[PDB]
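Student: This one is structure_24.txt, compact mmCIF, C-alpha atoms and all ligand atoms.
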```txt
# COMPACT_ATOMS: atom_id res chain seq x y z
CA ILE A 1 25.39 21.37 40.27
CA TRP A 2 25.58 23.98 37.47
CA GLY A 3 25.12 21.16 34.93
CA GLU A 4 21.38 20.62 34.61
CA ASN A 5 20.83 24.33 35.45
CA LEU A 6 22.18 26.26 32.47
CA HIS A 7 20.73 25.64 29.01
CA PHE A 8 22.20 27.88 26.35
CA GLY A 9 19.86 29.62 23.93
CA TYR A 10 19.87 31.27 20.51
CA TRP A 11 19.66 35.08 20.74
CA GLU A 12 19.51 37.27 17.63
CA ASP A 13 18.21 40.75 18.34
CA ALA A 14 20.50 42.45 20.88
CA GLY A 15 17.20 44.31 21.52
CA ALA A 16 14.09 42.15 22.01
CA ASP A 17 12.75 41.15 25.43
CA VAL A 18 12.41 37.40 24.87
CA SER A 19 12.46 34.95 27.80
CA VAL A 20 15.22 32.48 28.67
CA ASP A 21 12.71 29.79 27.68
CA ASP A 22 12.18 31.51 24.32
CA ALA A 23 15.91 31.46 23.48
CA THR A 24 16.33 27.84 24.57
CA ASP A 25 13.40 26.78 22.32
CA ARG A 26 14.88 28.59 19.33
CA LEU A 27 18.18 26.72 19.77
CA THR A 28 16.28 23.43 19.87
CA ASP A 29 14.56 24.57 16.62
CA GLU A 30 17.99 24.88 14.92
CA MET A 31 18.78 21.34 16.06
CA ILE A 32 15.44 20.05 14.68
CA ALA A 33 16.27 21.56 11.30
CA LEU A 34 19.81 20.19 11.43
CA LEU A 35 18.69 16.59 11.95
CA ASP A 36 16.93 15.85 8.69
CA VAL A 37 14.03 13.81 9.76
CA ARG A 38 10.72 12.63 8.22
CA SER A 39 7.41 10.97 9.19
CA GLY A 40 8.18 7.57 10.72
CA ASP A 41 11.88 7.83 11.65
CA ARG A 42 13.46 6.77 14.97
CA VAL A 43 15.65 9.19 16.95
CA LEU A 44 18.18 8.60 19.75
CA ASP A 45 18.79 11.56 22.10
CA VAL A 46 21.94 11.25 24.21
CA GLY A 47 21.83 13.14 27.51
CA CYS A 48 18.05 13.85 27.51
CA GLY A 49 18.16 15.81 30.81
CA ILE A 50 14.56 16.25 32.03
CA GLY A 51 13.09 15.78 28.53
CA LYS A 52 12.15 19.22 27.20
CA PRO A 53 14.13 19.09 23.89
CA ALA A 54 12.81 15.59 23.08
CA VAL A 55 9.19 16.60 23.69
CA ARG A 56 9.67 19.63 21.41
CA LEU A 57 11.03 17.36 18.67
CA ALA A 58 8.01 15.10 19.02
CA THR A 59 5.62 18.07 18.84
CA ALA A 60 7.28 19.11 15.58
CA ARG A 61 7.92 15.84 13.69
CA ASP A 62 6.21 12.45 13.71
CA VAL A 63 9.05 10.26 14.97
CA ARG A 64 9.96 7.87 17.78
CA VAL A 65 12.33 9.39 20.33
CA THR A 66 14.23 7.36 22.93
CA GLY A 67 16.23 9.41 25.48
CA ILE A 68 19.26 8.39 27.52
CA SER A 69 20.92 9.60 30.77
CA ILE A 70 23.06 8.58 33.75
CA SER A 71 20.87 10.34 36.35
CA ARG A 72 17.89 8.30 37.63
CA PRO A 73 15.65 11.18 38.89
CA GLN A 74 15.98 12.84 35.43
CA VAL A 75 14.79 9.66 33.62
CA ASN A 76 11.70 9.54 35.89
CA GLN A 77 10.98 13.26 35.37
CA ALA A 78 11.41 12.93 31.59
CA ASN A 79 9.01 9.98 31.48
CA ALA A 80 6.40 11.81 33.58
CA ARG A 81 6.72 14.86 31.30
CA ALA A 82 6.21 12.54 28.30
CA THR A 83 3.20 10.81 29.84
CA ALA A 84 1.90 14.28 30.81
CA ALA A 85 1.90 15.56 27.23
CA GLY A 86 0.24 12.29 26.15
CA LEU A 87 3.23 11.22 24.02
CA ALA A 88 3.89 7.96 25.91
CA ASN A 89 3.10 5.84 22.84
CA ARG A 90 6.23 7.11 21.10
CA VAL A 91 8.46 9.19 23.45
CA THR A 92 10.30 7.11 26.09
CA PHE A 93 13.38 7.35 28.36
CA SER A 94 15.79 4.94 30.04
CA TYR A 95 18.99 4.87 32.08
CA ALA A 96 22.17 4.23 30.08
CA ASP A 97 25.77 5.36 29.52
CA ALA A 98 26.95 6.69 26.15
CA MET A 99 30.42 5.17 26.67
CA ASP A 100 28.71 1.74 26.18
CA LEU A 101 25.21 1.93 24.58
CA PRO A 102 22.97 -1.14 24.92
CA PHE A 103 21.31 -0.91 21.47
CA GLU A 104 21.27 -3.05 18.32
CA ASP A 105 23.58 -1.96 15.49
CA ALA A 106 21.87 0.29 12.95
CA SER A 107 18.75 0.91 15.04
CA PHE A 108 18.14 4.64 14.56
CA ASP A 109 17.47 6.79 11.51
CA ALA A 110 18.95 9.72 13.47
CA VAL A 111 20.87 10.67 16.61
CA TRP A 112 21.45 13.91 18.51
CA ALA A 113 23.48 15.36 21.40
CA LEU A 114 22.38 18.70 22.81
CA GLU A 115 24.98 20.01 25.34
CA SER A 116 25.94 16.52 26.58
CA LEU A 117 29.32 15.46 25.12
CA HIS A 118 31.41 17.83 27.30
CA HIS A 119 30.52 15.53 30.18
CA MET A 120 31.96 12.37 28.61
CA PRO A 121 35.49 11.68 29.84
CA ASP A 122 36.32 10.86 26.14
CA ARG A 123 34.32 12.33 23.21
CA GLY A 124 35.74 9.80 20.70
CA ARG A 125 34.24 6.78 22.46
CA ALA A 126 30.78 8.37 22.61
CA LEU A 127 30.76 9.46 18.95
CA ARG A 128 31.96 5.92 17.96
CA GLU A 129 29.05 4.38 19.86
CA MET A 130 26.74 6.88 18.21
CA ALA A 131 27.97 5.93 14.66
CA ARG A 132 27.76 2.24 15.51
CA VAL A 133 23.97 2.45 16.02
CA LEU A 134 22.96 4.82 13.25
CA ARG A 135 21.95 3.11 9.99
CA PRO A 136 23.83 4.03 6.77
CA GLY A 137 22.17 7.15 5.37
CA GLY A 138 21.49 8.30 8.98
CA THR A 139 22.21 11.84 10.29
CA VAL A 140 23.72 13.42 13.43
CA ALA A 141 23.34 16.76 15.24
CA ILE A 142 25.70 18.16 17.88
CA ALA A 143 25.34 21.32 20.01
CA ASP A 144 27.98 22.17 22.60
CA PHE A 145 30.30 24.82 24.04
CA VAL A 146 33.92 25.14 22.90
CA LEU A 147 37.21 26.91 23.57
CA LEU A 148 38.16 28.82 20.41
CA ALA A 149 41.68 29.62 21.75
CA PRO A 150 44.04 28.76 24.67
CA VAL A 151 43.77 31.09 27.72
CA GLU A 152 45.78 32.46 30.69
CA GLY A 153 45.65 34.43 33.97
CA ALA A 154 42.15 35.53 35.00
CA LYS A 155 40.71 34.25 31.70
CA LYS A 156 41.89 30.73 32.53
CA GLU A 157 40.67 31.31 36.11
CA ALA A 158 37.11 32.11 35.00
CA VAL A 159 37.03 29.14 32.61
CA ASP A 160 38.25 26.59 35.20
CA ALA A 161 35.59 27.77 37.72
CA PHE A 162 32.87 27.09 35.11
CA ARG A 163 34.11 23.55 34.41
CA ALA A 164 34.23 22.67 38.10
CA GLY A 165 30.59 23.54 38.77
CA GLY A 166 29.25 22.22 35.46
CA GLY A 167 31.30 18.99 35.40
CA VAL A 168 32.88 19.80 32.05
CA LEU A 169 35.26 16.86 31.81
CA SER A 170 36.36 17.57 28.21
CA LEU A 171 36.26 21.02 26.59
CA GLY A 172 37.85 21.46 23.15
CA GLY A 173 38.19 23.53 19.96
CA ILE A 174 35.95 23.17 16.88
CA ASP A 175 38.80 21.58 14.92
CA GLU A 176 39.03 18.95 17.67
CA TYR A 177 35.24 18.25 17.55
CA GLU A 178 35.45 17.82 13.78
CA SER A 179 38.22 15.17 13.78
CA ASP A 180 36.44 13.39 16.65
CA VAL A 181 33.40 13.13 14.34
CA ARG A 182 35.65 12.09 11.41
CA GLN A 183 37.28 9.35 13.48
CA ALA A 184 33.90 7.66 13.98
CA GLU A 185 33.72 7.44 10.16
CA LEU A 186 30.98 10.04 9.90
CA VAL A 187 31.02 12.69 7.19
CA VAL A 188 30.70 16.25 8.42
CA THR A 189 28.00 18.22 6.54
CA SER A 190 28.09 21.61 8.43
CA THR A 191 29.80 23.33 11.35
CA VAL A 192 28.59 26.80 12.44
CA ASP A 193 30.07 29.00 15.16
CA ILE A 194 27.12 30.55 16.98
CA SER A 195 29.11 32.17 19.80
CA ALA A 196 27.71 35.63 19.15
CA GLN A 197 24.14 34.23 19.39
CA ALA A 198 24.75 31.89 22.37
CA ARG A 199 26.75 34.26 24.61
CA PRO A 200 23.84 36.38 26.06
CA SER A 201 22.57 33.22 27.80
CA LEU A 202 25.17 33.64 30.50
CA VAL A 203 24.29 37.07 31.93
CA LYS A 204 20.61 36.51 31.14
CA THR A 205 20.37 33.36 33.24
CA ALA A 206 22.43 34.88 36.05
CA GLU A 207 19.60 37.44 36.12
CA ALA A 208 16.82 34.79 36.16
CA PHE A 209 18.20 33.05 39.25
CA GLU A 210 18.59 36.40 41.00
CA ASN A 211 14.88 37.04 40.51
CA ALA A 212 14.27 33.63 42.02
CA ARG A 213 16.84 33.92 44.79
CA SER A 214 14.40 33.29 47.64
CA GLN A 215 12.82 30.25 45.95
CA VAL A 216 16.00 28.51 44.75
CA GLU A 217 18.20 29.52 47.74
CA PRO A 218 16.82 26.79 50.02
CA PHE A 219 17.72 24.06 47.48
CA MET A 220 21.29 25.19 46.78
CA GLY A 221 22.25 27.20 49.88
CA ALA A 222 23.21 30.90 49.71
CA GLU A 223 26.94 30.57 48.90
CA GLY A 224 26.48 27.86 46.23
CA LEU A 225 23.88 30.06 44.48
CA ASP A 226 26.30 32.98 44.65
CA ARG A 227 29.25 31.12 43.15
CA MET A 228 27.11 29.95 40.24
CA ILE A 229 25.88 33.48 39.44
CA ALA A 230 29.43 34.85 39.72
CA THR A 231 30.95 32.13 37.56
CA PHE A 232 28.59 32.81 34.62
CA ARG A 233 29.26 36.56 34.76
CA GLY A 234 33.00 35.87 34.56
CA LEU A 235 32.61 33.45 31.65
CA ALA A 236 30.49 35.93 29.68
CA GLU A 237 33.51 38.27 29.65
CA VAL A 238 35.96 35.70 28.17
CA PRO A 239 35.47 35.86 24.37
CA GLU A 240 37.50 32.65 23.86
CA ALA A 241 34.36 30.95 25.26
CA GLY A 242 32.33 29.74 22.32
CA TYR A 243 29.50 27.55 21.05
CA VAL A 244 29.08 25.48 17.88
CA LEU A 245 26.46 23.60 15.88
CA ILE A 246 27.57 20.56 13.82
CA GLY A 247 25.64 18.39 11.34
CA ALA A 248 27.02 15.04 10.16
CA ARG A 249 26.02 11.99 8.16
CA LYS A 250 26.74 8.24 7.95
CA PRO A 251 27.96 6.97 4.52
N1 LIG A 301 28.26 9.49 29.93
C1 LIG A 301 26.99 9.83 29.79
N2 LIG A 301 26.13 9.01 29.09
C2 LIG A 301 24.80 9.36 28.94
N3 LIG A 301 24.33 10.54 29.50
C3 LIG A 301 25.18 11.36 30.18
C4 LIG A 301 26.53 11.02 30.34
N4 LIG A 301 27.13 11.99 31.05
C5 LIG A 301 26.21 12.94 31.35
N5 LIG A 301 25.00 12.56 30.82
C6 LIG A 301 23.71 13.28 30.89
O1 LIG A 301 23.65 14.26 29.87
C7 LIG A 301 22.97 15.43 30.29
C8 LIG A 301 23.83 16.65 29.96
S1 LIG A 301 23.11 18.28 30.28
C9 LIG A 301 22.13 18.24 28.76
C10 LIG A 301 20.75 18.83 29.00
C11 LIG A 301 19.70 18.38 27.99
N6 LIG A 301 20.22 18.35 26.59
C12 LIG A 301 18.50 19.31 28.06
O2 LIG A 301 18.61 20.50 27.75
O3 LIG A 301 17.40 18.89 28.44
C13 LIG A 301 22.69 15.24 31.77
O4 LIG A 301 21.32 14.96 31.86
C14 LIG A 301 23.52 14.03 32.19
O5 LIG A 301 22.90 13.20 33.16
```
Reformat the file's structure so that it appears as structure tokens.
Ligand SMILES: Nc1ncnc2c1ncn2[C@@H]1O[C@H](CSCC[C@H](N)C(=O)O)[C@@H](O)[C@H]1O

Tutor:
Amino acid sequence: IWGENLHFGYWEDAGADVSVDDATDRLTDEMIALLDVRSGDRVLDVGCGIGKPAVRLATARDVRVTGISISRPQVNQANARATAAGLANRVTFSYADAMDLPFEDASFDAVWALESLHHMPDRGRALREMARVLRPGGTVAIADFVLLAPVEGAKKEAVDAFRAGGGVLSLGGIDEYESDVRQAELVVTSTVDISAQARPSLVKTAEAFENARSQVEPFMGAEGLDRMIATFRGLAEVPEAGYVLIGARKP
């Protein structure tokens, strides 16, 4: 239930009143730049959520996006959002699992995964499927949260809590993400630790929900809403809790 409810953002100032929606859009902008895409390419987006990132990509570059998810409501919302921005000709969404993708080999010019791989019960599988469907010359972009070091006591306690409510089936170090990418026979072009920029998202979104307590409360219940706010505030204070951007390429 804390899965499709937290979207990390890119924060730079320490001292500018930008919205949670502002920081999320900036992060997306780093991913757009990190894919390396030009007029006429095709892009696969794995774990599309409700479609915001894919619509932003389409507003920025002239490409075909297809988005993928294992939650039926989300596919319907994403498609409505696409049809609503008039991008139905090129932006489209369907229901499929990244552990077994139903696409032709070498279909896409590019692929991306924004905050989705930590759900997969096995990152390797997913990345292998992703390489299998990119054409040689094709590029990849990953954005996800990581554990920079092993933890204990109350630090481990605050991390576990987060994984429970967000369904984080596999959390790992950067070094682990890298060799997962290398196993799929992709070449790694950049890896950047953006912890310091991503961190503020946690307290800042705890605040947002608070402001909306009486309008979200009936959907989640009081105690559920409280545990989610508490769990973010705990995670914010464990500095072993990190975030990384990774670009990669197919020989
Ligand atoms: N095994 C899997 N295969 C394909 N999609 C999956 C998956 N496991 C989880 N997902 C989907 O991936 C998403 C992860 S949350 C990612 C949010 C999205 N990037 C956004 O900001 O809009 C969820 O929508 C979830 O339904």

Student: Using only C-alpha atoms and all ligand atoms, what does the table of chain A residues within 10 Å of ligand LIG 301 (chain A) look like, with each row giving the shortest atom pair and its distance in Å to one decimal, sorted by chain and ascending number, as a Markdown table?

Tutor:
```
| residue | atom | partner | partner_atom | distance |
| --- | --- | --- | --- | --- |
| A:2 | CA | A:LIG301 | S1 | 9.5 |
| A:3 | CA | A:LIG301 | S1 | 5.8 |
| A:4 | CA | A:LIG301 | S1 | 5.2 |
| A:5 | CA | A:LIG301 | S1 | 8.3 |
| A:6 | CA | A:LIG301 | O2 | 8.3 |
| A:7 | CA | A:LIG301 | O2 | 5.7 |
| A:8 | CA | A:LIG301 | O2 | 8.3 |
| A:9 | CA | A:LIG301 | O2 | 10.0 |
| A:24 | CA | A:LIG301 | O2 | 8.3 |
| A:25 | CA | A:LIG301 | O2 | 9.8 |
| A:28 | CA | A:LIG301 | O2 | 8.7 |
| A:45 | CA | A:LIG301 | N6 | 8.3 |
| A:46 | CA | A:LIG301 | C2 | 5.8 |
| A:47 | CA | A:LIG301 | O1 | 3.2 |
| A:48 | CA | A:LIG301 | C11 | 4.8 |
| A:49 | CA | A:LIG301 | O4 | 3.4 |
| A:50 | CA | A:LIG301 | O3 | 5.3 |
| A:51 | CA | A:LIG301 | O3 | 5.3 |
| A:52 | CA | A:LIG301 | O3 | 5.4 |
| A:53 | CA | A:LIG301 | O3 | 5.6 |
| A:54 | CA | A:LIG301 | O3 | 7.8 |
| A:55 | CA | A:LIG301 | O3 | 9.8 |
| A:67 | CA | A:LIG301 | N3 | 9.1 |
| A:68 | CA | A:LIG301 | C2 | 5.8 |
| A:69 | CA | A:LIG301 | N3 | 3.8 |
| A:70 | CA | A:LIG301 | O5 | 4.7 |
| A:71 | CA | A:LIG301 | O5 | 4.7 |
| A:72 | CA | A:LIG301 | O5 | 8.3 |
| A:73 | CA | A:LIG301 | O5 | 9.5 |
| A:74 | CA | A:LIG301 | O4 | 6.8 |
| A:75 | CA | A:LIG301 | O4 | 8.6 |
| A:78 | CA | A:LIG301 | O3 | 9.0 |
| A:95 | CA | A:LIG301 | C2 | 8.0 |
| A:96 | CA | A:LIG301 | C2 | 5.9 |
| A:97 | CA | A:LIG301 | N2 | 3.7 |
| A:98 | CA | A:LIG301 | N2 | 3.8 |
| A:99 | CA | A:LIG301 | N1 | 5.8 |
| A:100 | CA | A:LIG301 | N2 | 8.2 |
| A:101 | CA | A:LIG301 | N2 | 8.4 |
| A:112 | CA | A:LIG301 | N6 | 9.3 |
| A:113 | CA | A:LIG301 | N6 | 6.8 |
| A:114 | CA | A:LIG301 | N6 | 4.4 |
| A:115 | CA | A:LIG301 | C9 | 4.8 |
| A:116 | CA | A:LIG301 | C8 | 4.0 |
| A:117 | CA | A:LIG301 | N4 | 7.2 |
| A:118 | CA | A:LIG301 | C8 | 8.1 |
| A:119 | CA | A:LIG301 | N4 | 5.0 |
| A:120 | CA | A:LIG301 | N1 | 4.9 |
| A:121 | CA | A:LIG301 | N1 | 7.6 |
| A:122 | CA | A:LIG301 | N1 | 9.0 |
| A:123 | CA | A:LIG301 | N1 | 9.5 |
| A:125 | CA | A:LIG301 | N1 | 9.9 |
| A:126 | CA | A:LIG301 | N1 | 7.8 |
| A:143 | CA | A:LIG301 | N6 | 8.9 |
| A:144 | CA | A:LIG301 | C9 | 9.4 |
| A:166 | CA | A:LIG301 | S1 | 8.9 |
| A:167 | CA | A:LIG301 | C5 | 8.9 |
| A:168 | CA | A:LIG301 | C5 | 9.6 |
| A:169 | CA | A:LIG301 | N4 | 9.5 |
```

Student: When you look at range 197-199 of chain A with a cut-off of 6 Å (counting all atoms listed in the file), what residues show up, excluding the ones that are within fewer than 5 positions of it in the same chain? I need them as a PyMOL selection string.

Tutor: chain A and resi 9-12

Student: Any idea what's packed within 12 Å of range 212-229 of chain A, counting only C-alpha atoms, ignoring anything in its chain fewer than 3 positions away? Could you give it as a PyMOL selection string?

Tutor: chain A and resi 1-3+5-6+158+161-166+202-209+232-236

Student: Measure the distance from CA of residue 251 in chain A to CA of residue 34 in chain A in Å and round it to one decimal.

Tutor: 17.0 Å

Student: Have a look at CA of residue 84 in chain A and CA of residue 21 in chain A and let me know their distance in Å, one decimal.

Tutor: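 One can read the CA of residue 84 in chain A to CA of residue 21 in chain A distance as 19.2 Å.
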
Student: Near residue 178 in chain A, within 12 Å and counting only C-alpha atoms, which residues show up once chain neighbours fewer than 5 positions away are dropped, as number ranges by chain?

Tutor: A: 123-124, 127, 142, 146, 172-173, 183-192, 244-248

Student: I want to know what sits within 8 Å of residue 250 in chain A, based on only C-alpha atoms, with residues of the same chain fewer than 5 positions away left out; could you give that as a ChimeraX atom specification?

Tutor: /A:131,134-139,185-187
